[PDB]
């Protein structure tokens, strides 16, 4: 099933009154088809007039909305640029809400165009079936070239909006990296060894007692957990582990000079390594670390690939090596 009529209505109802009678007059057009039994009958020309009027209303509304969005985009970009990360908790919440809402409205205009197009095809199909004509193909070829269907520069505006949000409403890049590499578990489990662990490789205790691992969890979180935690409890626990790992690196003579020289991204790749094999294991890559410190990305990649680590966890190792190569999250 497609349930077009029902979905078009459900969307129209979810719009502001300015969007009133801006969508396809699907119910109406289906009723006017019943009246259809230049070589074109007055009935057929009158119905074709309704379809052209529909297209005019779509194109006129779309380009007017694009114009609003161009003005809104520039205004939001300036508000964000003027503040330069110095927004209060109140102000930051306001501008984030406004940009997420703006993004939503542009996706709404994109959905408006998709729904109007889908119904247009449904009307032309019913029309051709009723008239014995073959005009759906040339009529839709005309539609596929109209502003509203193509989406115009709306794709560029959503992209710009999403770029403002990658800075303003950021994701914990290292958390998402290691929830892919190590894995995120909300219930007390046992690692490769016989010790109790939770979240993303957070060892609670080496004790065989399950209540000894439970009491350590209630201390770390600060509440009565029973062995289960939420995503943000596991995220805050991991953030503490990262800070601890960085504190360790910054006091390691074999790791600090290279960590200091790396960018934020390549620093997360090194923390990843430390989480997996430990500070001592990582400090053992003397030659590869030298290549990373000297910003010889490719040379460090070829060298890290011949390590036992690369054969141990190849999926994870390749993703970390690519992060050292590119200096981007494009592996994750």
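Residue numbers count along the first chain shown, from 1.
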In terms of residues present in the deposited sequence but not modelled, what lies between residue 37 and residue 38: none, 1 to 3, 4 to 9, or 10 or more? 10 or more
Name the higher of the two by mean Cα B-factor in the PDB entry, 165-173 versus 246-254. 165-173
Entry-level comparison of average CA B-factors, 87-95 and 67-75, reporting the higher stretch: 87-95
Top Cα B-factor in this entry, restricted to 121, 158, 115, 188, sits on 188
By the recorded C-alpha temperature factor, relative to the other modelled residues in its chain, which third is residue 103 in? lowest
Is residue 216 in the lowest, middle or highest third of its chain when residues are ranked by C-alpha B-factor? highest
So where's residue 109 on the chain's Cα temperature factor ranking, which third? lowest
Among the chain's modelled residues, which third holds the C-alpha B-factor of residue 308? highest
Could you place residue 225 in the lowest, middle or highest third of its chain by Cα temperature factor, using the values in the record? highest
